[PDB]
file data_3.pdb (PDB, C-alpha atoms (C1' of nucleotides))
ATOM      1  CA  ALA A 101     -29.002  20.587  55.501  1.00  0.00           C
ATOM      2  CA  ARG A 102     -29.932  21.121  51.822  1.00  0.00           C
ATOM      3  CA  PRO A 103     -33.088  23.259  51.780  1.00  0.00           C
ATOM      4  CA  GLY A 104     -32.235  25.437  48.786  1.00  0.00           C
ATOM      5  CA  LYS A 105     -31.355  24.682  45.191  1.00  0.00           C
ATOM      6  CA  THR A 106     -29.582  21.334  45.220  1.00  0.00           C
ATOM      7  CA  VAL A 107     -28.892  18.127  43.318  1.00  0.00           C
ATOM      8  CA  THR A 108     -28.708  14.522  44.523  1.00  0.00           C
ATOM      9  CA  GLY A 109     -27.149  11.420  43.033  1.00  0.00           C
ATOM     10  CA  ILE A 110     -27.036   7.687  43.717  1.00  0.00           C
ATOM     11  CA  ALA A 111     -25.600   4.907  41.580  1.00  0.00           C
ATOM     12  CA  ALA A 112     -25.146   1.174  42.083  1.00  0.00           C
ATOM     13  CA  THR A 113     -22.739  -0.574  39.717  1.00  0.00           C
ATOM     14  CA  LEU A 114     -23.021  -4.330  39.205  1.00  0.00           C
ATOM     15  CA  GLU A 115     -20.671  -6.529  37.202  1.00  0.00           C
ATOM     16  CA  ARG A 116     -20.414 -10.088  35.909  1.00  0.00           C
ATOM     17  CA  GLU A 117     -17.346 -11.437  34.114  1.00  0.00           C
ATOM     18  CA  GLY A 118     -16.204  -7.871  33.570  1.00  0.00           C
ATOM     19  CA  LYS A 119     -19.470  -6.501  32.141  1.00  0.00           C
ATOM     20  CA  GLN A 120     -20.807  -3.343  33.775  1.00  0.00           C
ATOM     21  CA  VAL A 121     -24.389  -2.299  34.437  1.00  0.00           C
ATOM     22  CA  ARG A 122     -24.757   0.977  36.315  1.00  0.00           C
ATOM     23  CA  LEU A 123     -28.152   1.722  37.796  1.00  0.00           C
ATOM     24  CA  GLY A 124     -28.548   5.277  39.017  1.00  0.00           C
ATOM     25  CA  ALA A 125     -30.673   8.368  39.434  1.00  0.00           C
ATOM     26  CA  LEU A 126     -30.646  12.127  39.909  1.00  0.00           C
ATOM     27  CA  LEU A 127     -32.948  14.290  42.017  1.00  0.00           C
ATOM     28  CA  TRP A 128     -32.699  18.063  42.129  1.00  0.00           C
ATOM     29  CA  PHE A 129     -34.656  21.049  43.362  1.00  0.00           C
ATOM     30  CA  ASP A 130     -34.445  24.348  41.502  1.00  0.00           C
ATOM     31  CA  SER A 131     -35.753  26.548  44.338  1.00  0.00           C
ATOM     32  CA  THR A 132     -36.597  26.382  48.033  1.00  0.00           C
ATOM     33  CA  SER A 133     -39.889  24.625  47.244  1.00  0.00           C
ATOM     34  CA  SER A 134     -40.041  21.326  49.123  1.00  0.00           C
ATOM     35  CA  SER A 135     -43.189  19.500  47.983  1.00  0.00           C
ATOM     36  CA  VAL A 136     -43.286  16.059  46.398  1.00  0.00           C
ATOM     37  CA  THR A 137     -44.366  17.238  42.939  1.00  0.00           C
ATOM     38  CA  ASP A 138     -41.530  19.786  42.937  1.00  0.00           C
ATOM     39  CA  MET A 139     -38.941  16.986  42.901  1.00  0.00           C
ATOM     40  CA  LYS A 140     -37.445  16.828  39.438  1.00  0.00           C
ATOM     41  CA  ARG A 141     -36.383  13.245  38.804  1.00  0.00           C
ATOM     42  CA  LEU A 142     -34.281  11.468  36.201  1.00  0.00           C
ATOM     43  CA  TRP A 143     -33.478   7.757  36.403  1.00  0.00           C
ATOM     44  CA  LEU A 144     -30.507   6.326  34.517  1.00  0.00           C
ATOM     45  CA  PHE A 145     -29.577   2.863  33.278  1.00  0.00           C
ATOM     46  CA  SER A 146     -26.302   2.038  31.562  1.00  0.00           C
ATOM     47  CA  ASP A 147     -23.755  -0.656  30.783  1.00  0.00           C
ATOM     48  CA  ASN A 148     -20.916   1.553  29.507  1.00  0.00           C
ATOM     49  CA  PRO A 149     -17.922   2.059  31.844  1.00  0.00           C
ATOM     50  CA  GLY A 150     -17.653   5.619  30.525  1.00  0.00           C
TER      51      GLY A 150
ATOM     52  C1'  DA B   1     -58.876  38.509  80.819  1.00  0.00           C
ATOM     53  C1'  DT B   2     -60.718  36.392  75.854  1.00  0.00           C
ATOM     54  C1'  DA B   3     -60.886  37.041  71.282  1.00  0.00           C
ATOM     55  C1'  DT B   4     -60.143  40.278  66.985  1.00  0.00           C
ATOM     56  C1'  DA B   5     -57.770  41.489  63.130  1.00  0.00           C
ATOM     57  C1'  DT B   6     -53.693  42.618  60.025  1.00  0.00           C
ATOM     58  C1'  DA B   7     -48.887  41.347  58.316  1.00  0.00           C
ATOM     59  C1'  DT B   8     -46.277  37.427  57.449  1.00  0.00           C
ATOM     60  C1'  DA B   9     -44.771  33.042  55.703  1.00  0.00           C
ATOM     61  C1'  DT B  10     -45.474  29.105  52.839  1.00  0.00           C
ATOM     62  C1'  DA B  11     -48.020  25.516  50.134  1.00  0.00           C
ATOM     63  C1'  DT B  12     -50.655  25.400  46.013  1.00  0.00           C
ATOM     64  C1'  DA B  13     -52.767  26.991  41.714  1.00  0.00           C
ATOM     65  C1'  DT B  14     -52.553  29.747  37.401  1.00  0.00           C
ATOM     66  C1'  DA B  15     -50.584  31.940  33.587  1.00  0.00           C
ATOM     67  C1'  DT B  16     -47.361  31.701  29.739  1.00  0.00           C
ATOM     68  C1'  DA B  17     -43.842  29.973  26.532  1.00  0.00           C
ATOM     69  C1'  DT B  18     -40.746  25.964  24.423  1.00  0.00           C
ATOM     70  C1'  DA B  19     -40.268  21.895  22.766  1.00  0.00           C
ATOM     71  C1'  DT B  20     -41.858  17.323  21.719  1.00  0.00           C
ATOM     72  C1'  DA B  21     -45.107  13.809  20.542  1.00  0.00           C
ATOM     73  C1'  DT B  22     -49.698  13.328  18.385  1.00  0.00           C
ATOM     74  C1'  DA B  23     -53.897  12.925  15.172  1.00  0.00           C
ATOM     75  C1'  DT B  24     -56.003  13.938  10.861  1.00  0.00           C
ATOM     76  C1'  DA B  25     -55.151  14.375   6.351  1.00  0.00           C
ATOM     77  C1'  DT B  26     -52.888  14.595   1.628  1.00  0.00           C
ATOM     78  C1'  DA B  27     -50.180  12.392  -1.717  1.00  0.00           C
ATOM     79  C1'  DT B  28     -46.992   9.054  -3.120  1.00  0.00           C
ATOM     80  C1'  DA B  29     -44.991   4.957  -4.733  1.00  0.00           C
ATOM     81  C1'  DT B  30     -46.005  -0.076  -4.418  1.00  0.00           C
ATOM     82  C1'  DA B  31     -48.504  -4.455  -5.254  1.00  0.00           C
ATOM     83  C1'  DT B  32     -52.571  -7.169  -6.443  1.00  0.00           C
ATOM     84  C1'  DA B  33     -55.412  -8.039  -9.599  1.00  0.00           C
ATOM     85  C1'  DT B  34     -57.819  -8.024 -14.350  1.00  0.00           C
ATOM     86  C1'  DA B  35     -57.587  -7.674 -19.346  1.00  0.00           C
ATOM     87  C1'  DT B  36     -55.407  -8.566 -23.444  1.00  0.00           C
ATOM     88  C1'  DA B  37     -52.555 -10.644 -27.712  1.00  0.00           C
ATOM     89  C1'  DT B  38     -50.459 -14.456 -28.533  1.00  0.00           C
ATOM     90  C1'  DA B  39     -48.922 -19.235 -28.906  1.00  0.00           C
ATOM     91  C1'  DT B  40     -49.917 -23.988 -27.968  1.00  0.00           C
ATOM     92  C1'  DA B  41     -52.910 -27.825 -26.919  1.00  0.00           C
ATOM     93  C1'  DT B  42     -57.444 -30.680 -27.557  1.00  0.00           C
ATOM     94  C1'  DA B  43     -60.706 -32.101 -30.391  1.00  0.00           C
ATOM     95  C1'  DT B  44     -62.825 -32.735 -34.921  1.00  0.00           C
ATOM     96  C1'  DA B  45     -64.070 -33.698 -40.411  1.00  0.00           C
ATOM     97  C1'  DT B  46     -62.080 -35.674 -44.471  1.00  0.00           C
ATOM     98  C1'  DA B  47     -59.091 -38.593 -46.392  1.00  0.00           C
ATOM     99  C1'  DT B  48     -54.800 -41.309 -47.485  1.00  0.00           C
ATOM    100  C1'  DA B  49     -51.680 -44.853 -46.991  1.00  0.00           C
ATOM    101  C1'  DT B  50     -50.902 -48.399 -44.097  1.00  0.00           C
ATOM    102  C1'  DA B  51     -50.795 -52.740 -41.056  1.00  0.00           C
ATOM    103  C1'  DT B  52     -53.485 -56.336 -39.862  1.00  0.00           C
ATOM    104  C1'  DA B  53     -56.698 -59.488 -41.439  1.00  0.00           C
ATOM    105  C1'  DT B  54     -60.740 -62.213 -43.798  1.00  0.00           C
ATOM    106  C1'  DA B  55     -61.596 -64.446 -47.069  1.00  0.00           C
ATOM    107  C1'  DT B  56     -59.527 -66.996 -50.160  1.00  0.00           C
ATOM    108  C1'  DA B  57     -56.670 -69.277 -54.335  1.00  0.00           C
ATOM    109  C1'  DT B  58     -53.611 -72.448 -54.493  1.00  0.00           C
ATOM    110  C1'  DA B  59     -51.030 -76.629 -53.012  1.00  0.00           C
ATOM    111  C1'  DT B  60     -49.470 -81.634 -51.254  1.00  0.00           C
TER     112       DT B  60
END
call {"tool": "encode", "arguments": {"input": "data_3.pdb", "output": "structure tokens"}}
result
Amino acid sequence: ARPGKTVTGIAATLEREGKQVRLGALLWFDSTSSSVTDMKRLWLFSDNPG
DNA sequence: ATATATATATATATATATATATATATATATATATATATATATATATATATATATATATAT
């Protein structure tokens, strides 16, 4: 369904007594290439509601 | 008929440039440490004035 240039995003948000911590990630291709090493990755960690 | 060979597609490697993090190196400002002049303490010779005292005069 998404063979060409694309981006992907997942994010789990956990909270305790109103304090946020938002795990996450991004994964994008820049061209039709579909090999493992072509995957551009970027993992994110945060605690800011913004 | 089987297998051959070229054109095609796709997965991988190579070249090149940008930016960042790195290693080697220079120089800098900082701190430890040593050296010094100086003042103060410890000990001493020489001697005085002193307290304690023997030796002692004097007394009952």
call {"tool": "resolve_selection", "arguments": {"input": "data_3.pdb", "expression": "the PyMOL selection byres ((chain A) within 10 of (chain B))", "output": "NGL selection string"}}
result
:A and (133-135)
call {"tool": "axis_aligned_box", "arguments": {"input": "data_3.pdb", "around": "region 21-24 of chain B", "padding_each_side": "6 Å", "output": "AutoDock Vina command-line options"}}
result
--center_x -50.6 --center_y 13.4 --center_z 15.7 --size_x 22.9 --size_y 13.0 --size_z 21.7
call {"tool": "closest_residue", "arguments": {"input": "data_3.pdb", "among": "A:102, A:150, A:141, A:114", "to": "residue 128 (chain A)", "atoms": "all atoms listed in the file"}}
result
A:141
call {"tool": "residues_around", "arguments": {"input": "data_3.pdb", "residues": "residue 108 (chain A)", "least_positions_apart": "5", "cutoff": "12 Å", "atoms": "all atoms listed in the file", "output": "MDAnalysis selection string"}}
result
chainID A and resid 102 124:130 139:143
call {"tool": "resolve_selection", "arguments": {"input": "data_3.pdb", "expression": "the PyMOL selection byres ((chain A and resi 147) around 12)", "output": "mmCIF file with C-alpha atoms, keeping the file's coordinate frame"}}
result
data_model
loop_
_atom_site.group_PDB
_atom_site.id
_atom_site.type_symbol
_atom_site.label_atom_id
_atom_site.label_comp_id
_atom_site.auth_asym_id
_atom_site.auth_seq_id
_atom_site.Cartn_x
_atom_site.Cartn_y
_atom_site.Cartn_z
ATOM 1 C CA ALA A 112 -25.146 1.174 42.083
ATOM 2 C CA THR A 113 -22.739 -0.574 39.717
ATOM 3 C CA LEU A 114 -23.021 -4.330 39.205
ATOM 4 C CA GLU A 115 -20.671 -6.529 37.202
ATOM 5 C CA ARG A 116 -20.414 -10.088 35.909
ATOM 6 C CA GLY A 118 -16.204 -7.871 33.570
ATOM 7 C CA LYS A 119 -19.470 -6.501 32.141
ATOM 8 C CA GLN A 120 -20.807 -3.343 33.775
ATOM 9 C CA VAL A 121 -24.389 -2.299 34.437
ATOM 10 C CA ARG A 122 -24.757 0.977 36.315
ATOM 11 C CA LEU A 123 -28.152 1.722 37.796
ATOM 12 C CA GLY A 124 -28.548 5.277 39.017
ATOM 13 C CA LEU A 144 -30.507 6.326 34.517
ATOM 14 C CA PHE A 145 -29.577 2.863 33.278
ATOM 15 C CA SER A 146 -26.302 2.038 31.562
ATOM 16 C CA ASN A 148 -20.916 1.553 29.507
ATOM 17 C CA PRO A 149 -17.922 2.059 31.844
ATOM 18 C CA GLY A 150 -17.653 5.619 30.525
#
call {"tool": "build_atoms", "arguments": {"input": "data_3.pdb", "residues": "region 108-139 of chain A", "atoms": "N, CA and C atoms", "output": "PDB file, in the frame of the given file"}}
result
ATOM      1  N   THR A 108     -28.983  15.754  43.800  1.00  0.00           N
ATOM      2  CA  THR A 108     -28.708  14.522  44.523  1.00  0.00           C
ATOM      3  C   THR A 108     -28.376  13.435  43.517  1.00  0.00           C
ATOM      4  N   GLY A 109     -27.562  12.473  43.935  1.00  0.00           N
ATOM      5  CA  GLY A 109     -27.149  11.420  43.033  1.00  0.00           C
ATOM      6  C   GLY A 109     -26.797  10.123  43.726  1.00  0.00           C
ATOM      7  N   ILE A 110     -27.363   9.023  43.240  1.00  0.00           N
ATOM      8  CA  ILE A 110     -27.036   7.687  43.717  1.00  0.00           C
ATOM      9  C   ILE A 110     -26.789   6.806  42.504  1.00  0.00           C
ATOM     10  N   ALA A 111     -25.954   5.787  42.682  1.00  0.00           N
ATOM     11  CA  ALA A 111     -25.600   4.907  41.580  1.00  0.00           C
ATOM     12  C   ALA A 111     -25.025   3.614  42.126  1.00  0.00           C
ATOM     13  N   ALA A 112     -25.642   2.501  41.753  1.00  0.00           N
ATOM     14  CA  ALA A 112     -25.146   1.174  42.083  1.00  0.00           C
ATOM     15  C   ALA A 112     -24.611   0.546  40.808  1.00  0.00           C
ATOM     16  N   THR A 113     -23.393   0.027  40.868  1.00  0.00           N
ATOM     17  CA  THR A 113     -22.739  -0.574  39.717  1.00  0.00           C
ATOM     18  C   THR A 113     -22.547  -2.061  39.969  1.00  0.00           C
ATOM     19  N   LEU A 114     -23.133  -2.885  39.110  1.00  0.00           N
ATOM     20  CA  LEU A 114     -23.021  -4.330  39.205  1.00  0.00           C
ATOM     21  C   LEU A 114     -22.218  -4.849  38.022  1.00  0.00           C
ATOM     22  N   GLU A 115     -21.552  -5.984  38.219  1.00  0.00           N
ATOM     23  CA  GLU A 115     -20.671  -6.529  37.202  1.00  0.00           C
ATOM     24  C   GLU A 115     -20.710  -8.048  37.235  1.00  0.00           C
ATOM     25  N   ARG A 116     -20.513  -8.645  36.062  1.00  0.00           N
ATOM     26  CA  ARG A 116     -20.414 -10.088  35.909  1.00  0.00           C
ATOM     27  C   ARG A 116     -19.435 -10.369  34.783  1.00  0.00           C
ATOM     28  N   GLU A 117     -18.360 -11.081  35.099  1.00  0.00           N
ATOM     29  CA  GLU A 117     -17.346 -11.437  34.114  1.00  0.00           C
ATOM     30  C   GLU A 117     -16.868 -10.193  33.372  1.00  0.00           C
ATOM     31  N   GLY A 118     -16.722  -9.104  34.121  1.00  0.00           N
ATOM     32  CA  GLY A 118     -16.204  -7.871  33.570  1.00  0.00           C
ATOM     33  C   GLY A 118     -17.165  -7.080  32.714  1.00  0.00           C
ATOM     34  N   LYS A 119     -18.473  -7.269  32.873  1.00  0.00           N
ATOM     35  CA  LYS A 119     -19.470  -6.501  32.141  1.00  0.00           C
ATOM     36  C   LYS A 119     -20.233  -5.614  33.116  1.00  0.00           C
ATOM     37  N   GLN A 120     -20.233  -4.310  32.852  1.00  0.00           N
ATOM     38  CA  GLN A 120     -20.807  -3.343  33.775  1.00  0.00           C
ATOM     39  C   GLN A 120     -22.276  -3.089  33.473  1.00  0.00           C
ATOM     40  N   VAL A 121     -23.031  -2.817  34.532  1.00  0.00           N
ATOM     41  CA  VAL A 121     -24.389  -2.299  34.437  1.00  0.00           C
ATOM     42  C   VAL A 121     -24.591  -1.354  35.608  1.00  0.00           C
ATOM     43  N   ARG A 122     -24.791  -0.076  35.308  1.00  0.00           N
ATOM     44  CA  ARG A 122     -24.757   0.977  36.315  1.00  0.00           C
ATOM     45  C   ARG A 122     -26.140   1.589  36.467  1.00  0.00           C
ATOM     46  N   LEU A 123     -26.927   1.057  37.393  1.00  0.00           N
ATOM     47  CA  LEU A 123     -28.152   1.722  37.796  1.00  0.00           C
ATOM     48  C   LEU A 123     -27.806   3.101  38.338  1.00  0.00           C
ATOM     49  N   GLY A 124     -28.815   3.947  38.502  1.00  0.00           N
ATOM     50  CA  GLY A 124     -28.548   5.277  39.017  1.00  0.00           C
ATOM     51  C   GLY A 124     -29.795   6.128  39.040  1.00  0.00           C
ATOM     52  N   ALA A 125     -29.586   7.407  39.346  1.00  0.00           N
ATOM     53  CA  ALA A 125     -30.673   8.368  39.434  1.00  0.00           C
ATOM     54  C   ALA A 125     -30.108   9.746  39.734  1.00  0.00           C
ATOM     55  N   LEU A 126     -30.926  10.763  39.495  1.00  0.00           N
ATOM     56  CA  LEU A 126     -30.646  12.127  39.909  1.00  0.00           C
ATOM     57  C   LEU A 126     -31.933  12.739  40.437  1.00  0.00           C
ATOM     58  N   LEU A 127     -31.803  13.646  41.394  1.00  0.00           N
ATOM     59  CA  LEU A 127     -32.948  14.290  42.017  1.00  0.00           C
ATOM     60  C   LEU A 127     -32.531  15.677  42.473  1.00  0.00           C
ATOM     61  N   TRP A 128     -33.144  16.701  41.888  1.00  0.00           N
ATOM     62  CA  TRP A 128     -32.699  18.063  42.129  1.00  0.00           C
ATOM     63  C   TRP A 128     -33.902  18.967  42.329  1.00  0.00           C
ATOM     64  N   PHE A 129     -33.745  19.922  43.240  1.00  0.00           N
ATOM     65  CA  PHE A 129     -34.656  21.049  43.362  1.00  0.00           C
ATOM     66  C   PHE A 129     -34.047  22.232  42.633  1.00  0.00           C
ATOM     67  N   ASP A 130     -34.903  23.117  42.131  1.00  0.00           N
ATOM     68  CA  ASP A 130     -34.445  24.348  41.502  1.00  0.00           C
ATOM     69  C   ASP A 130     -34.668  25.568  42.383  1.00  0.00           C
ATOM     70  N   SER A 131     -35.508  25.457  43.409  1.00  0.00           N
ATOM     71  CA  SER A 131     -35.753  26.548  44.338  1.00  0.00           C
ATOM     72  C   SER A 131     -36.014  25.953  45.715  1.00  0.00           C
ATOM     73  N   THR A 132     -36.374  26.820  46.661  1.00  0.00           N
ATOM     74  CA  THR A 132     -36.597  26.382  48.033  1.00  0.00           C
ATOM     75  C   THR A 132     -37.851  25.533  48.188  1.00  0.00           C
ATOM     76  N   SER A 133     -38.680  25.430  47.153  1.00  0.00           N
ATOM     77  CA  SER A 133     -39.889  24.625  47.244  1.00  0.00           C
ATOM     78  C   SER A 133     -39.541  23.197  47.646  1.00  0.00           C
ATOM     79  N   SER A 134     -40.364  22.616  48.525  1.00  0.00           N
ATOM     80  CA  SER A 134     -40.041  21.326  49.123  1.00  0.00           C
ATOM     81  C   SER A 134     -41.237  20.380  49.135  1.00  0.00           C
ATOM     82  N   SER A 135     -42.072  20.425  48.103  1.00  0.00           N
ATOM     83  CA  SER A 135     -43.189  19.500  47.983  1.00  0.00           C
ATOM     84  C   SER A 135     -42.828  18.350  47.050  1.00  0.00           C
ATOM     85  N   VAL A 136     -43.616  17.275  47.134  1.00  0.00           N
ATOM     86  CA  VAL A 136     -43.286  16.059  46.398  1.00  0.00           C
ATOM     87  C   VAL A 136     -43.270  16.311  44.897  1.00  0.00           C
ATOM     88  N   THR A 137     -44.287  16.987  44.370  1.00  0.00           N
ATOM     89  CA  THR A 137     -44.366  17.238  42.939  1.00  0.00           C
ATOM     90  C   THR A 137     -43.292  18.194  42.445  1.00  0.00           C
ATOM     91  N   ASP A 138     -42.616  18.905  43.348  1.00  0.00           N
ATOM     92  CA  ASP A 138     -41.530  19.786  42.937  1.00  0.00           C
ATOM     93  C   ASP A 138     -40.270  19.001  42.595  1.00  0.00           C
ATOM     94  N   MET A 139     -40.090  17.829  43.200  1.00  0.00           N
ATOM     95  CA  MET A 139     -38.941  16.986  42.901  1.00  0.00           C
ATOM     96  C   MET A 139     -38.845  16.712  41.410  1.00  0.00           C
TER      97      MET A 139
END
